[PDB]
């Protein structure tokens, strides 16, 4: 339980995946060339989780970069850390997928999937004890959604005993008003329920509303949204990259966060919410469970928490954190299921993120996430009832029954969240 193989697919997957490496390298003391410039030994103690150590004390991210669009590869290399990636790990096709889930999953991306699996095996066999795989992608496109889910299925076949973790970006008309995105998202959710052990739901609807209404950014860009993503991806992986009082790994997270196999979609939250350019412990605990701080556009007070994991970063009293966390569970006791005792776990890490002194990252398995899937299901149904643009998919080998099964499995997932939201202990 040590090394994680990171994969990123599509424009969104490579864009937010690049920012992820820029953030954690800055926290570990790694420069764009790959040398350790840090001043604390706690930065290299678990550095092997995400990086491969080469000769000359040179750390290389254990990352695989995939996309059917060749243009995304050039934008990554022109980035600040574009040179730190192993050039053999760039697997880029010739023609894009054109926001078509059927292209990435059945035609175009199916031709390139074997070229990606070869790079996965080479990285996996270079691991002392492979922990699992980490994928970043969007669900609204064609490559990260169609081929991303295809990659998950094949990797799941060859490495069935390893954890599959995704950072999946949910589509929103407020950001990209392309009407086939509800198709691609629903088809991917059908795949994510079966083939992933834990999924972080990052909602562009939530990211936009945070930038527009909270950060007062009049016209948010992808960089404004990705700033919130990288801060969240840094927080959720803190206990994997630093020692701490717990030997946390991807499997211990899944065992203690996922009470039922299908309900493995997490609602992440971050505090404080800052923007590029611009705090007590009771403020962090309060602001963490606030609906405005959730990276998924859902009100947690409309559902119940099945499991909650909270990460605090910075200098603070672990007794005060224990007292404040125990306070929130009493005022909001009705928002926690009572048939899972001690379902809130807290970790404190000394090293805080860049530009911040106090941080609070929230990972919740809440039944309120059904609001996210109800939204996508309604848009999907509005399009699917009129059979709009269905030939874009059926013309690539997709059977029309695959849409009905994705919709059915989508609605079944919502019913299961509602089922445990209403269940009591008696």
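Rigid core: the largest C-alpha set superposing within 1.5 Å between the two forms. Numbering follows the first chain given and starts at 1.
- Taken in 7 other deposited structures of this protein and fitted on the core, 127-135 and 170-178 differ in how far their Cα atoms move from the shown form, and the one that moves more is 170-178.
- Put simply, when the other structures in 7 other deposited structures of this protein are lined up on the rigid core, the C-alpha atoms of 394-402 lie farther off than those of the other stretch, from 60-68 and 394-402.
- In at least one third of the other compared structures of this protein with flanking residues present, residue 278 is left unmodelled.
- Per the record, residue 278 and residue 279 are separated by 4 to 9 deposited residues that have no coordinates.
- Between 103-111 and 261-269, it is 103-111 that carries the larger average Cα temperature factor according to the deposited entry.
- Across the two stretches, 357-365 and 51-59, the PDB entry reports the greater mean Cα temperature factor for 51-59.
- For the set 87, 300, 98, 146, the maximum C-alpha B-factor listed in the entry falls on 87.
- The entry assigns its greatest Cα B factor, within the set 235, 142, 182, 71, to 71.
- In this PDB entry, the Cα temperature factor of residue 8 sits in the middle third of its chain's modelled residues.
- The deposited CA B-factor of residue 421 belongs to the middle third of values across its chain.
- When the CA B factors of the chain's modelled residues are split into thirds, the value for residue 374 lands in the lowest one.
- Sorting the modelled residues of the chain by their CA temperature factor places residue 36 in the highest third.
- Residue-level temperature factors show residue 335 in the middle third of its chain, judged at the C-alpha atom.
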